Amino acid sequence: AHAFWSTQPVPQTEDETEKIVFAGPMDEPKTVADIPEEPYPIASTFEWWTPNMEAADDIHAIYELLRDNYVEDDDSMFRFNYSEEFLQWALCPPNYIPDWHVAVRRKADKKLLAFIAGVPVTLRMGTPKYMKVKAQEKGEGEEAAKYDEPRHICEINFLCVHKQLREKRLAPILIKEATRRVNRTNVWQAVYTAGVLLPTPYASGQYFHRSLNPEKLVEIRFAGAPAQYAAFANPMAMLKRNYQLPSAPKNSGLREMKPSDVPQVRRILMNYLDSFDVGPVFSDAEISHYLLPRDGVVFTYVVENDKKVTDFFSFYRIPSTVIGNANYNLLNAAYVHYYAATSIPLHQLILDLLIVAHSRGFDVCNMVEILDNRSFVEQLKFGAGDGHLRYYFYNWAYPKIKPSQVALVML
Ligand SMILES: CCCCCCCCCCCCCC(=O)SCCNC(=O)CCNC(=O)[C@H](O)C(C)(C)COP(=O)(O)OP(=O)(O)OC[C@H]1O[C@@H](n2cnc3c(N)ncnc32)[C@H](O)[C@@H]1OP(=O)(O)O
Ligand SMILES: CC(C)Cc1ccc2nn(C)cc2c1NS(=O)(=O)c1ccc(CCCCC2CCN(C)CC2)cc1
């Protein structure tokens, strides 16, 4: 029973989704003219607010709300604490539509009570290759390939309702209002991910983490010497030795990405991303925005040899508040972003990610098993966390695919 989700253009059961073969819209076609020109009605105590992401003060207000009310793990040990600089970066990519950032404020004190954000993305979301070949040889190649062209859609992130206001059906209203604003721009699909199961994912993957500073992680999550380490007898020096890393990168030719790398990074990224069934397409501007180093936020390194970029990796920083804890207030996590290896094995490229993260003071490296992320798990000593990231489309029928067929990283 999904009083909201059952009225929406999404597949309704794992079953409906498992019998879909071709990509395509779910709803009847609509026009911008069809869509209400006024915001969706809310209590007169509340108001719709479009924050300004160039106002440090609006960013500050979004910041505080997410800091105190955004995503926690299942056991309430950690909550995301995206920084202000991260929010500005994430919410203002090239060609973003300010209208798509939708807030609810209390009319009285102008207190921020809820938020959802949409940003543009150019996405390949045509029928997966395997289904395309099946169709091709039943004479349905054209149907199957009808929506192969990258689409300019919306990507939804940062949905958050203040804890005081939970379970009052405010999340559906935010989603309807976001949909209306997006539809008014003549966009009919969205992509989103969530830690929870909703109707109905097209892909799902586990999270994986790698300790960089085993000392602190253990004084947090256990809060003592974990299962098998306080078991054979000597922990801590054993935990440190197990997760130790070189002090400096191993691939000579590794340096920070700089503005002139933009065209080569884009080309090697695109070549790689194009082999996945679902993935983004990035202009030079978007490569610039999402990949050029930006202090405290995103960190990007290239392997350059004979003045040519042959490989790169990136990671971004999301600290999490450590919830029930006196000692350390924050876990500093690096998240694996985009990368591409052409001259070395991926585990060897990503080992340098770990070394770099570690030397810059991160506690842990996290990721989801998308892209080719599984290929380095064991070798680099990642273990599965308790999270699962589910990928979803709005108003788009899509077959079930493995997360190794997905190349869109979500922030
Ligand atoms: C063309 C354009 C379309 C664009 C829009 C595309 C769709 C975008 C969809 C959003 C993509 C978001 C991507 C992310 O950011 S995922 C992260 C979401 N945020 C958090 O987890 C932060 C902490 N939690 C909260 O703030 C609240 O608990 C939220 C806001 C999550 C729910 O509020 P609340 O707890 O106070 O409950 P309610 O009484 O208002 O509402 C209950 C309804 O909400 C459904 N619910 C619960 N969680 C989620 C969830 N993560 N996505 C979608 N729906 C969710 C739920 O099944 C129920 O419906 P139904 O089963 O009765 O049917
Ligand atoms: C303690 C570390 C070993 C791992 C770790 C670190 C910081 C965390 N902070 N938090 C909050 C959860 C954390 C966690 N453990 S986990 O399994 O990797 C996981 C990671 C994320 C989630 C949250 C679900 C995903 C939420 C969606 C929201 C939308 N978005 C675009 C991406 C994530 C649960 C567990």
# chains A, B, ... in the order shown; residues from 1 in each chain; ligands from 1

call {"tool": "residues_near_ligand", "arguments": {"ligand": "ligand 1", "cutoff": "8 Å", "atoms": "only C-alpha atoms and all ligand atoms", "output": "mmCIF file with N, CA and C atoms, in the first residue's frame"}}
result
data_model
loop_
_atom_site.group_PDB
_atom_site.id
_atom_site.type_symbol
_atom_site.label_atom_id
_atom_site.label_comp_id
_atom_site.auth_asym_id
_atom_site.auth_seq_id
_atom_site.Cartn_x
_atom_site.Cartn_y
_atom_site.Cartn_z
ATOM 1 N N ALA A 1 0.847 -1.235 0.000
ATOM 2 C CA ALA A 1 0.000 0.000 0.000
ATOM 3 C C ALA A 1 0.865 1.262 0.000
ATOM 4 N N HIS A 2 0.819 1.915 -1.151
ATOM 5 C CA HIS A 2 1.538 3.126 -1.414
ATOM 6 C C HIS A 2 0.531 4.150 -1.866
ATOM 7 N N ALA A 3 -0.062 4.811 -0.880
ATOM 8 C CA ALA A 3 -1.080 5.788 -1.170
ATOM 9 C C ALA A 3 -0.538 6.885 -2.164
ATOM 10 N N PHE A 4 0.740 7.238 -2.085
ATOM 11 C CA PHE A 4 1.293 8.173 -3.079
ATOM 12 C C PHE A 4 1.788 7.446 -4.353
ATOM 13 N N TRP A 5 2.741 6.536 -4.176
ATOM 14 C CA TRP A 5 3.437 5.915 -5.286
ATOM 15 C C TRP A 5 2.549 5.144 -6.211
ATOM 16 N N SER A 6 1.405 4.634 -5.730
ATOM 17 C CA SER A 6 0.425 3.897 -6.617
ATOM 18 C C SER A 6 -0.318 4.810 -7.636
ATOM 19 N N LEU A 66 19.899 19.981 6.120
ATOM 20 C CA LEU A 66 20.408 18.645 5.750
ATOM 21 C C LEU A 66 21.310 18.096 6.822
ATOM 22 N N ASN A 69 18.829 16.862 9.456
ATOM 23 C CA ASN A 69 17.663 16.068 9.078
ATOM 24 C C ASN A 69 17.790 15.103 7.901
ATOM 25 N N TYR A 70 18.962 15.064 7.263
ATOM 26 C CA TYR A 70 19.139 14.288 6.045
ATOM 27 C C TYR A 70 19.449 12.841 6.391
ATOM 28 N N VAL A 71 20.042 12.127 5.450
ATOM 29 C CA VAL A 71 20.153 10.661 5.502
ATOM 30 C C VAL A 71 21.055 10.107 6.613
ATOM 31 N N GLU A 72 20.495 9.121 7.325
ATOM 32 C CA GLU A 72 21.154 8.291 8.314
ATOM 33 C C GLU A 72 21.195 6.878 7.822
ATOM 34 N N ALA A 114 11.467 21.859 4.659
ATOM 35 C CA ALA A 114 11.597 20.776 3.692
ATOM 36 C C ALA A 114 12.282 21.271 2.415
ATOM 37 N N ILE A 116 13.608 19.815 -1.793
ATOM 38 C CA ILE A 116 13.972 18.843 -2.824
ATOM 39 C C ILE A 116 14.679 19.584 -3.944
ATOM 40 N N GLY A 118 16.227 19.432 -8.067
ATOM 41 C CA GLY A 118 16.388 18.831 -9.343
ATOM 42 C C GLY A 118 17.514 19.518 -10.059
ATOM 43 N N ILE A 153 17.144 15.235 -19.054
ATOM 44 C CA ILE A 153 16.130 14.919 -18.077
ATOM 45 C C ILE A 153 16.487 15.620 -16.813
ATOM 46 N N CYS A 154 15.762 15.314 -15.740
ATOM 47 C CA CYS A 154 16.044 15.864 -14.433
ATOM 48 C C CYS A 154 16.623 14.765 -13.515
ATOM 49 N N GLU A 155 17.548 15.129 -12.650
ATOM 50 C CA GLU A 155 18.089 14.254 -11.609
ATOM 51 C C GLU A 155 17.686 14.826 -10.233
ATOM 52 N N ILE A 156 17.009 14.030 -9.418
ATOM 53 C CA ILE A 156 16.423 14.512 -8.153
ATOM 54 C C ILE A 156 17.289 14.048 -7.011
ATOM 55 N N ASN A 157 17.597 14.974 -6.132
ATOM 56 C CA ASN A 157 18.458 14.708 -5.004
ATOM 57 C C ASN A 157 18.009 15.573 -3.814
ATOM 58 N N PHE A 158 18.489 15.218 -2.630
ATOM 59 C CA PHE A 158 18.381 16.080 -1.466
ATOM 60 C C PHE A 158 16.962 16.294 -0.981
ATOM 61 N N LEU A 159 16.087 15.331 -1.219
ATOM 62 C CA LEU A 159 14.742 15.368 -0.638
ATOM 63 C C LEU A 159 14.900 15.251 0.886
ATOM 64 N N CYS A 160 14.325 16.171 1.623
ATOM 65 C CA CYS A 160 14.471 16.157 3.059
ATOM 66 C C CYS A 160 13.324 16.865 3.765
ATOM 67 N N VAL A 161 12.698 16.168 4.693
ATOM 68 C CA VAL A 161 11.700 16.769 5.540
ATOM 69 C C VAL A 161 12.217 16.851 7.024
ATOM 70 N N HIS A 162 12.094 18.030 7.623
ATOM 71 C CA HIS A 162 12.490 18.237 9.020
ATOM 72 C C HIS A 162 11.892 17.148 9.899
ATOM 73 N N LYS A 163 12.685 16.660 10.836
ATOM 74 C CA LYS A 163 12.207 15.588 11.744
ATOM 75 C C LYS A 163 10.881 15.907 12.469
ATOM 76 N N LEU A 165 8.418 17.189 11.326
ATOM 77 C CA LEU A 165 7.329 17.199 10.395
ATOM 78 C C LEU A 165 7.169 15.911 9.624
ATOM 79 N N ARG A 166 7.848 14.867 10.069
ATOM 80 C CA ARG A 166 7.823 13.588 9.372
ATOM 81 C C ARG A 166 6.478 12.880 9.465
ATOM 82 N N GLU A 167 6.160 12.077 8.457
ATOM 83 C CA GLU A 167 4.954 11.223 8.430
ATOM 84 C C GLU A 167 3.650 11.998 8.386
ATOM 85 N N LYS A 168 3.709 13.224 7.890
ATOM 86 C CA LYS A 168 2.590 14.114 7.682
ATOM 87 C C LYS A 168 2.301 14.292 6.196
ATOM 88 N N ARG A 169 2.808 13.366 5.373
ATOM 89 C CA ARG A 169 2.527 13.373 3.933
ATOM 90 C C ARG A 169 3.058 14.643 3.223
ATOM 91 N N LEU A 170 4.066 15.289 3.780
ATOM 92 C CA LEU A 170 4.677 16.458 3.149
ATOM 93 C C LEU A 170 5.628 16.063 1.987
ATOM 94 N N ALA A 171 6.279 14.895 2.087
ATOM 95 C CA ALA A 171 7.180 14.429 0.998
ATOM 96 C C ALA A 171 6.424 14.278 -0.351
ATOM 97 N N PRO A 172 5.226 13.694 -0.356
ATOM 98 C CA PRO A 172 4.517 13.668 -1.653
ATOM 99 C C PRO A 172 4.211 15.004 -2.276
ATOM 100 N N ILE A 173 3.972 16.029 -1.463
ATOM 101 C CA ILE A 173 3.643 17.344 -1.966
ATOM 102 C C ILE A 173 4.869 17.998 -2.630
ATOM 103 N N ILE A 175 7.328 16.317 -3.923
ATOM 104 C CA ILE A 175 7.587 15.574 -5.156
ATOM 105 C C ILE A 175 6.647 16.038 -6.294
ATOM 106 N N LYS A 176 5.357 16.209 -5.990
ATOM 107 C CA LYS A 176 4.361 16.746 -6.982
ATOM 108 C C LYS A 176 4.732 18.168 -7.512
ATOM 109 N N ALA A 178 7.806 19.501 -7.447
ATOM 110 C CA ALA A 178 8.998 19.351 -8.262
ATOM 111 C C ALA A 178 8.639 18.849 -9.633
ATOM 112 N N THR A 179 7.814 17.812 -9.694
ATOM 113 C CA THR A 179 7.329 17.306 -10.974
ATOM 114 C C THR A 179 6.676 18.416 -11.820
ATOM 115 N N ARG A 180 5.806 19.223 -11.210
ATOM 116 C CA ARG A 180 5.117 20.292 -11.915
ATOM 117 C C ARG A 180 6.194 21.232 -12.483
ATOM 118 N N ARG A 181 7.135 21.687 -11.668
ATOM 119 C CA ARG A 181 8.170 22.632 -12.155
ATOM 120 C C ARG A 181 9.023 22.100 -13.304
ATOM 121 N N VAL A 182 9.329 20.821 -13.240
ATOM 122 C CA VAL A 182 10.072 20.158 -14.244
ATOM 123 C C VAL A 182 9.253 19.989 -15.515
ATOM 124 N N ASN A 183 8.020 19.510 -15.395
ATOM 125 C CA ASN A 183 7.153 19.379 -16.518
ATOM 126 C C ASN A 183 6.956 20.728 -17.229
ATOM 127 N N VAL A 187 10.266 18.833 -19.552
ATOM 128 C CA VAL A 187 11.006 17.603 -19.161
ATOM 129 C C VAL A 187 10.005 16.583 -18.541
ATOM 130 N N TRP A 188 9.988 15.362 -19.044
ATOM 131 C CA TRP A 188 9.008 14.377 -18.666
ATOM 132 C C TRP A 188 9.534 13.180 -17.865
ATOM 133 N N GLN A 189 10.858 12.974 -17.813
ATOM 134 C CA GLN A 189 11.522 11.900 -17.058
ATOM 135 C C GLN A 189 12.427 12.493 -15.959
ATOM 136 N N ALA A 190 12.661 11.690 -14.905
ATOM 137 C CA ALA A 190 13.665 11.995 -13.897
ATOM 138 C C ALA A 190 14.402 10.703 -13.533
ATOM 139 N N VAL A 191 15.633 10.827 -13.043
ATOM 140 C CA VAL A 191 16.334 9.734 -12.468
ATOM 141 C C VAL A 191 16.566 10.110 -10.992
ATOM 142 N N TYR A 192 16.469 9.132 -10.112
ATOM 143 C CA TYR A 192 16.764 9.349 -8.688
ATOM 144 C C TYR A 192 17.271 8.026 -8.099
ATOM 145 N N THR A 193 18.027 8.129 -7.013
ATOM 146 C CA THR A 193 18.431 7.003 -6.204
ATOM 147 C C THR A 193 17.973 7.216 -4.764
ATOM 148 N N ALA A 194 17.876 6.118 -4.020
ATOM 149 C CA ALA A 194 17.498 6.147 -2.606
ATOM 150 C C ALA A 194 18.042 4.931 -1.936
ATOM 151 N N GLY A 195 18.237 5.064 -0.616
ATOM 152 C CA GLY A 195 18.631 3.960 0.236
ATOM 153 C C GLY A 195 17.463 3.032 0.552
ATOM 154 N N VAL A 196 16.248 3.480 0.291
ATOM 155 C CA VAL A 196 15.069 2.684 0.592
ATOM 156 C C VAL A 196 14.477 2.071 -0.713
ATOM 157 N N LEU A 198 11.459 1.403 -2.993
ATOM 158 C CA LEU A 198 10.229 2.023 -3.443
ATOM 159 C C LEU A 198 9.836 1.314 -4.747
ATOM 160 N N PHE A 393 13.725 5.386 -12.199
ATOM 161 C CA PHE A 393 13.321 6.399 -13.145
ATOM 162 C C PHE A 393 11.885 6.820 -12.830
ATOM 163 N N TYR A 394 11.561 8.061 -13.161
ATOM 164 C CA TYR A 394 10.220 8.545 -13.118
ATOM 165 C C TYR A 394 9.681 8.701 -14.528
ATOM 166 N N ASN A 395 8.551 8.039 -14.796
ATOM 167 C CA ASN A 395 7.918 8.045 -16.079
ATOM 168 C C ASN A 395 8.804 7.458 -17.172
#

call {"tool": "select_by_dssp", "arguments": {"residues": "segment 143-175 of chain A", "states": "helix (DSSP H, G or I)", "output": "ChimeraX atom specification"}}
result
/A:143-145,163-165,170-175

call {"tool": "write_last_selection", "arguments": {"atoms": "C-alpha atoms", "output": "PDB file, in the first residue's frame"}}
result
ATOM      1  CA  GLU A 143      11.272  -0.209 -31.443  1.00  0.00           C
ATOM      2  CA  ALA A 144      14.119  -1.178 -29.124  1.00  0.00           C
ATOM      3  CA  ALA A 145      16.379   1.632 -30.391  1.00  0.00           C
ATOM      4  CA  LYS A 163      12.207  15.588  11.744  1.00  0.00           C
ATOM      5  CA  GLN A 164       9.420  17.535  13.502  1.00  0.00           C
ATOM      6  CA  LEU A 165       7.329  17.199  10.395  1.00  0.00           C
ATOM      7  CA  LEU A 170       4.677  16.458   3.149  1.00  0.00           C
ATOM      8  CA  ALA A 171       7.180  14.429   0.998  1.00  0.00           C
ATOM      9  CA  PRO A 172       4.517  13.668  -1.653  1.00  0.00           C
ATOM     10  CA  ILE A 173       3.643  17.344  -1.966  1.00  0.00           C
ATOM     11  CA  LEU A 174       7.296  18.281  -2.529  1.00  0.00           C
ATOM     12  CA  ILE A 175       7.587  15.574  -5.156  1.00  0.00           C
TER      13      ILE A 175
END

call {"tool": "residues_near_ligand", "arguments": {"ligand": "ligand 2", "cutoff": "8 Å", "atoms": "only C-alpha atoms and all ligand atoms", "output": "MDAnalysis selection string"}}
result
chainID A and resid 71:74 77:80 156:158 192:196 206:211 217 221 319:321 331:333 364:367 384:389 410:411

call {"tool": "write_last_selection", "arguments": {"atoms": "N, CA and C atoms", "output": "short mmCIF file (atom, residue, chain, number, x, y, z; two decimals), in the first residue's frame"}}
result
data_model
loop_
_atom_site.label_atom_id
_atom_site.label_comp_id
_atom_site.auth_asym_id
_atom_site.auth_seq_id
_atom_site.Cartn_x
_atom_site.Cartn_y
_atom_site.Cartn_z
N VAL A 71 20.04 12.13 5.45
CA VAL A 71 20.15 10.66 5.50
C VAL A 71 21.05 10.11 6.61
N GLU A 72 20.49 9.12 7.33
CA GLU A 72 21.15 8.29 8.31
C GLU A 72 21.19 6.88 7.82
N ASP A 73 22.17 6.12 8.29
CA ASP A 73 22.17 4.68 8.05
C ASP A 73 21.02 4.05 8.88
N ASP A 74 20.77 2.75 8.64
CA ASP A 74 19.66 2.02 9.27
C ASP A 74 19.75 2.03 10.77
N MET A 77 23.78 5.55 13.26
CA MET A 77 25.13 5.86 13.71
C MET A 77 25.75 7.10 13.04
N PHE A 78 25.31 7.37 11.81
CA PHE A 78 25.89 8.41 10.92
C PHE A 78 24.82 9.21 10.20
N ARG A 79 25.00 10.51 10.06
CA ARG A 79 24.14 11.26 9.17
C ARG A 79 25.05 12.09 8.25
N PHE A 80 24.71 12.13 6.95
CA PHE A 80 25.45 12.98 5.99
C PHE A 80 25.54 14.42 6.47
N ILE A 156 17.01 14.03 -9.42
CA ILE A 156 16.42 14.51 -8.15
C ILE A 156 17.29 14.05 -7.01
N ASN A 157 17.60 14.97 -6.13
CA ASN A 157 18.46 14.71 -5.00
C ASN A 157 18.01 15.57 -3.81
N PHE A 158 18.49 15.22 -2.63
CA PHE A 158 18.38 16.08 -1.47
C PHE A 158 16.96 16.29 -0.98
N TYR A 192 16.47 9.13 -10.11
CA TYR A 192 16.76 9.35 -8.69
C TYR A 192 17.27 8.03 -8.10
N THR A 193 18.03 8.13 -7.01
CA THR A 193 18.43 7.00 -6.20
C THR A 193 17.97 7.22 -4.76
N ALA A 194 17.88 6.12 -4.02
CA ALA A 194 17.50 6.15 -2.61
C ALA A 194 18.04 4.93 -1.94
N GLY A 195 18.24 5.06 -0.62
CA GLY A 195 18.63 3.96 0.24
C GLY A 195 17.46 3.03 0.55
N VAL A 196 16.25 3.48 0.29
CA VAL A 196 15.07 2.68 0.59
C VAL A 196 14.48 2.07 -0.71
N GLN A 206 25.03 -2.77 -3.62
CA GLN A 206 25.53 -2.62 -2.27
C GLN A 206 26.58 -1.49 -2.20
N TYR A 207 26.71 -0.85 -1.03
CA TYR A 207 27.82 0.01 -0.74
C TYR A 207 29.02 -0.82 -0.24
N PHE A 208 30.21 -0.30 -0.50
CA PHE A 208 31.49 -0.89 -0.12
C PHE A 208 32.36 0.23 0.43
N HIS A 209 33.07 -0.03 1.54
CA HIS A 209 33.95 0.95 2.15
C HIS A 209 35.31 0.33 2.37
N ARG A 210 36.34 1.17 2.39
CA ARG A 210 37.73 0.84 2.68
C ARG A 210 38.26 1.75 3.79
N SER A 211 38.60 1.22 4.96
CA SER A 211 39.20 2.06 6.01
C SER A 211 40.50 2.64 5.56
N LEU A 217 38.04 4.64 13.04
CA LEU A 217 36.83 3.91 12.63
C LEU A 217 36.41 2.93 13.71
N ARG A 221 32.72 2.80 15.30
CA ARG A 221 31.64 1.87 14.95
C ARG A 221 31.42 0.64 15.81
N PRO A 319 31.53 14.47 4.60
CA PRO A 319 31.65 14.02 6.02
C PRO A 319 30.31 13.60 6.58
N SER A 320 30.32 12.67 7.51
CA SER A 320 29.09 12.30 8.24
C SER A 320 29.30 12.60 9.72
N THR A 321 28.30 13.25 10.32
CA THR A 321 28.16 13.40 11.77
C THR A 321 28.13 12.02 12.41
N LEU A 331 33.07 11.73 10.69
CA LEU A 331 33.80 10.79 9.86
C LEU A 331 34.03 11.43 8.48
N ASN A 332 35.27 11.55 8.08
CA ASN A 332 35.61 12.23 6.85
C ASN A 332 35.68 11.17 5.72
N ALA A 333 34.64 11.06 4.91
CA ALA A 333 34.60 10.04 3.87
C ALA A 333 34.84 10.66 2.48
N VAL A 364 38.07 7.03 5.42
CA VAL A 364 37.37 5.93 4.74
C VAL A 364 37.05 6.33 3.34
N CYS A 365 37.03 5.34 2.47
CA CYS A 365 36.63 5.51 1.12
C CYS A 365 35.40 4.64 0.92
N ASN A 366 34.35 5.26 0.40
CA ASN A 366 33.08 4.58 0.14
C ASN A 366 32.72 4.59 -1.34
N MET A 367 31.89 3.64 -1.73
CA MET A 367 31.40 3.56 -3.08
C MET A 367 30.22 2.57 -3.20
N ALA A 384 31.65 -4.86 2.11
CA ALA A 384 30.24 -4.43 1.94
C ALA A 384 29.79 -3.73 3.21
N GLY A 385 29.17 -2.56 3.07
CA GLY A 385 28.50 -1.88 4.17
C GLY A 385 27.08 -2.43 4.29
N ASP A 386 26.28 -1.80 5.14
CA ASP A 386 24.91 -2.24 5.26
C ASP A 386 23.99 -1.46 4.35
N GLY A 387 24.44 -0.39 3.70
CA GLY A 387 23.59 0.28 2.69
C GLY A 387 23.41 -0.40 1.31
N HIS A 388 22.27 -0.12 0.67
CA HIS A 388 22.04 -0.47 -0.73
C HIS A 388 21.53 0.74 -1.45
N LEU A 389 22.11 1.09 -2.60
CA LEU A 389 21.63 2.21 -3.39
C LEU A 389 20.74 1.70 -4.51
N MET A 410 25.70 9.28 -8.42
CA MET A 410 24.91 10.32 -7.72
C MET A 410 25.55 10.86 -6.45
N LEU A 411 25.48 12.17 -6.31
CA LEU A 411 26.14 12.88 -5.22
C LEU A 411 25.35 12.82 -3.88
#

call {"tool": "atom_distance", "arguments": {"atom1": "atom CA of residue 101 of chain A", "atom2": "atom CA of residue 121 of chain A"}}
result
14.6 Å

call {"tool": "select_by_dssp", "arguments": {"residues": "segment 182-379 of chain A", "states": "strand (DSSP E or B)", "output": "NGL selection string"}}
result
:A and (190-194 or 203-211 or 254-256 or 278-280 or 294 or 298-305 or 308-322 or 330-341 or 364-368)

call {"tool": "closest_residue", "arguments": {"among": "A:133, A:184, A:334, A:279", "to": "residue 36 of chain A", "atoms": "only C-alpha atoms"}}
result
A:184

call {"tool": "residues_around", "arguments": {"residues": "residue 21 of chain A", "least_positions_apart": "2", "cutoff": "10 Å", "atoms": "only C-alpha atoms", "output": "PyMOL selection string"}}
result
chain A and resi 17-19+23-24+127-128+130-132+134-135+144+397-400

call {"tool": "atom_distance", "arguments": {"atom1": "atom CA of residue 244 of chain A", "atom2": "atom CA of residue 340 of chain A"}}
result
24.9 Å

call {"tool": "residues_around", "arguments": {"residues": "residue 59 of chain A", "least_positions_apart": "4", "cutoff": "10 Å", "atoms": "only C-alpha atoms", "output": "PyMOL selection string"}}
result
chain A and resi 51-55+63-64+83-88+91

call {"tool": "write_last_selection", "arguments": {"atoms": "N, CA and C atoms", "output": "PDB file, in the first residue's frame"}}
result
ATOM      1  N   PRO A  51      15.036  28.787  -3.157  1.00  0.00           N
ATOM      2  CA  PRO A  51      16.270  29.405  -2.632  1.00  0.00           C
ATOM      3  C   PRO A  51      17.181  29.845  -3.741  1.00  0.00           C
ATOM      4  N   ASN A  52      18.017  30.832  -3.450  1.00  0.00           N
ATOM      5  CA  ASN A  52      19.062  31.268  -4.359  1.00  0.00           C
ATOM      6  C   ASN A  52      20.413  30.655  -3.957  1.00  0.00           C
ATOM      7  N   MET A  53      20.966  29.869  -4.869  1.00  0.00           N
ATOM      8  CA  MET A  53      22.161  29.104  -4.601  1.00  0.00           C
ATOM      9  C   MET A  53      23.416  29.933  -4.745  1.00  0.00           C
ATOM     10  N   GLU A  54      23.250  31.189  -5.137  1.00  0.00           N
ATOM     11  CA  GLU A  54      24.320  32.176  -5.105  1.00  0.00           C
ATOM     12  C   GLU A  54      24.295  32.996  -3.793  1.00  0.00           C
ATOM     13  N   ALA A  55      23.215  32.867  -3.000  1.00  0.00           N
ATOM     14  CA  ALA A  55      23.118  33.460  -1.663  1.00  0.00           C
ATOM     15  C   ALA A  55      23.694  32.473  -0.656  1.00  0.00           C
ATOM     16  N   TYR A  63      21.914  23.880   4.016  1.00  0.00           N
ATOM     17  CA  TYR A  63      22.968  23.217   4.771  1.00  0.00           C
ATOM     18  C   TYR A  63      22.544  22.724   6.164  1.00  0.00           C
ATOM     19  N   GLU A  64      21.889  23.619   6.921  1.00  0.00           N
ATOM     20  CA  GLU A  64      21.580  23.335   8.355  1.00  0.00           C
ATOM     21  C   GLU A  64      20.505  22.300   8.411  1.00  0.00           C
ATOM     22  N   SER A  83      28.871  19.736   3.083  1.00  0.00           N
ATOM     23  CA  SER A  83      29.260  21.104   3.370  1.00  0.00           C
ATOM     24  C   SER A  83      28.537  22.099   2.461  1.00  0.00           C
ATOM     25  N   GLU A  84      28.658  23.369   2.805  1.00  0.00           N
ATOM     26  CA  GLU A  84      28.070  24.439   2.018  1.00  0.00           C
ATOM     27  C   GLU A  84      28.670  24.511   0.616  1.00  0.00           C
ATOM     28  N   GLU A  85      29.990  24.404   0.537  1.00  0.00           N
ATOM     29  CA  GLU A  85      30.674  24.455  -0.746  1.00  0.00           C
ATOM     30  C   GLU A  85      30.258  23.251  -1.622  1.00  0.00           C
ATOM     31  N   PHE A  86      30.082  22.090  -1.001  1.00  0.00           N
ATOM     32  CA  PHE A  86      29.575  20.888  -1.710  1.00  0.00           C
ATOM     33  C   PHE A  86      28.179  21.157  -2.248  1.00  0.00           C
ATOM     34  N   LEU A  87      27.289  21.718  -1.430  1.00  0.00           N
ATOM     35  CA  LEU A  87      25.919  21.988  -1.906  1.00  0.00           C
ATOM     36  C   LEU A  87      25.845  22.941  -3.106  1.00  0.00           C
ATOM     37  N   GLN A  88      26.684  23.944  -3.087  1.00  0.00           N
ATOM     38  CA  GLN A  88      26.686  24.891  -4.176  1.00  0.00           C
ATOM     39  C   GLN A  88      27.158  24.207  -5.455  1.00  0.00           C
ATOM     40  N   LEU A  91      24.400  21.687  -6.578  1.00  0.00           N
ATOM     41  CA  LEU A  91      23.089  22.264  -6.989  1.00  0.00           C
ATOM     42  C   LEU A  91      23.175  23.210  -8.177  1.00  0.00           C
TER      43      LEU A  91
END

call {"tool": "residues_around", "arguments": {"residues": "residue 43 of chain A", "least_positions_apart": "5", "cutoff": "12 Å", "atoms": "only C-alpha atoms", "output": "PyMOL selection string"}}
result
chain A and resi 48+104-107+170+173

call {"tool": "write_last_selection", "arguments": {"atoms": "C-alpha atoms", "output": "CSV table (one decimal), in the first residue's frame"}}
result
chain,number,residue,atom,x,y,z
A,48,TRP,CA,6.9,27.7,-1.4
A,104,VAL,CA,9.0,24.8,2.0
A,105,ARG,CA,9.3,27.5,4.6
A,106,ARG,CA,7.1,28.4,7.6
A,107,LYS,CA,5.4,31.7,6.7
A,170,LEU,CA,4.7,16.5,3.1
A,173,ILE,CA,3.6,17.3,-2.0

call {"tool": "residues_around", "arguments": {"residues": "segment 374-380 of chain A", "least_positions_apart": "2", "cutoff": "12 Å", "atoms": "only C-alpha atoms", "output": "number ranges by chain"}}
result
A: 205-212, 242-245, 336, 345-355, 365-372, 382-384, 402-405

call {"tool": "write_last_selection", "arguments": {"atoms": "C-alpha atoms", "output": "short mmCIF file (atom, residue, chain, number, x, y, z; two decimals), in the first residue's frame"}}
result
data_model
loop_
_atom_site.label_atom_id
_atom_site.label_comp_id
_atom_site.auth_asym_id
_atom_site.auth_seq_id
_atom_site.Cartn_x
_atom_site.Cartn_y
_atom_site.Cartn_z
CA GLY A 205 23.77 -2.23 -5.56
CA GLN A 206 25.53 -2.62 -2.27
CA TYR A 207 27.82 0.01 -0.74
CA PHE A 208 31.49 -0.89 -0.12
CA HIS A 209 33.95 0.95 2.15
CA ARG A 210 37.73 0.84 2.68
CA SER A 211 39.20 2.06 6.01
CA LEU A 212 41.96 4.53 5.60
CA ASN A 242 46.08 -4.68 7.71
CA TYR A 243 44.91 -1.31 6.25
CA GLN A 244 48.24 0.56 5.84
CA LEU A 245 48.98 2.38 2.61
CA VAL A 336 34.67 7.20 -5.60
CA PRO A 345 44.78 -2.04 -14.46
CA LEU A 346 41.93 -0.37 -12.54
CA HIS A 347 42.97 -1.74 -9.15
CA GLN A 348 46.33 -0.02 -9.67
CA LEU A 349 44.72 3.28 -10.61
CA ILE A 350 42.31 3.17 -7.64
CA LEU A 351 45.14 2.18 -5.21
CA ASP A 352 46.44 5.71 -5.86
CA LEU A 353 42.96 7.09 -5.05
CA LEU A 354 43.25 5.39 -1.69
CA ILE A 355 46.83 6.65 -1.10
CA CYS A 365 36.63 5.51 1.12
CA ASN A 366 33.08 4.58 0.14
CA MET A 367 31.40 3.56 -3.08
CA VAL A 368 28.54 1.68 -4.72
CA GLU A 369 29.15 -1.34 -6.93
CA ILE A 370 28.38 0.58 -10.15
CA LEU A 371 30.78 1.14 -13.06
CA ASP A 372 33.64 -1.37 -12.68
CA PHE A 382 36.84 -2.95 0.53
CA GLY A 383 34.05 -4.61 2.51
CA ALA A 384 30.24 -4.43 1.94
CA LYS A 402 22.70 -5.22 -12.90
CA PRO A 403 24.36 -2.21 -11.16
CA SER A 404 27.47 -3.06 -13.20
CA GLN A 405 25.46 -1.79 -16.16
#
